[PDB]
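> Sequence unavailable; structure follows:
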Ligand SMILES: O=C(Nc1ccc(Cl)cc1)Nc1ccc(Cl)c(Cl)c1
């Protein structure tokens, strides 16, 4: 593909912890285009978590992460960040970022042609 995505910043954490995921884009990038984080637990479909697009850096969040997540981008670093706070075991999944040749952020995975590999996020009851 003309753009490659590589996620980092996943981890193994405890309930209540924070993690900052990063998506580093390379190739023929255009930073106002929609960047969308999805997550996928085993057996389950990928679901939208958060996304950013457009000239205002407009953020959209799934109800699942209502009040716990902040998405942002740094155009000079071609990087999108997803800060997740107050993590809980139900958040465990592989998080992957995806992009498409439009500033329009959409919640369907179907409309994104370009995907990263994913990073693992595991949240366990403290111990
Ligand atoms: O480049 C991007 N997205 C992007 C978004 C934010 C940052 Cl910081 C960096 C890159 N998309 C894109 C670009 C070209 C094509 Cl063909 C397609 Cl299909 C998608």
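Ah, there it is. Numbering: from 1, shown residues only.
> Give me the residues contacting whichever strand in the chain runs longest.
Criterion DSSP state E: the longest strand present in the chain is strand 19-27. For strand 19-27, the surrounding residues in contact (CB atoms under 8 Å, 6 or more residues apart in numbering) are 1-11, 13, 31, 35, 37, 77-84, 87, 95, 97, 99, 116, 119, 121. No exception for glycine: its C-beta is placed from N, CA and C like everyone else's.
> which SS class is the spatially most central residue of the chain?
For the chain, the residue nearest the mean C-alpha position is residue 37 (2.5 Å; CA atoms, centre = their mean). What DSSP: H, G, I helix; E, B strand; the rest coil gives for residue 37 is strand.
> What distance do you get for it to the ligand?
12 Å (CB to the nearest ligand atom, to the nearest Å).
> How about that residue: which residues does it bridge to?
With beta bridges defined as DSSP bridges, residue 37 has these partners: residue 50, residue 97.
> that older thread, what residues sit buried inside the longest strand of the chain?
Going by neighbour count (16 or more other CB atoms under 10 Å), the buried part of strand 19-27 is 19, 21-23, 25.
> Same list, those, but only the ones touching the ligand.
With CB under 6 Å from any ligand atom as the criterion, those include residue 25 near the ligand.
> Report the two of the buried residues of strand 19-27 separated the most.
Within the buried residues of strand 19-27, 19 and 25 form the most distant pair, 19.8 Å apart (CB to CB).
> hey, what's residue 7 bridged with?
The partner residues for residue 7, given DSSP bridges, come to residue 23.
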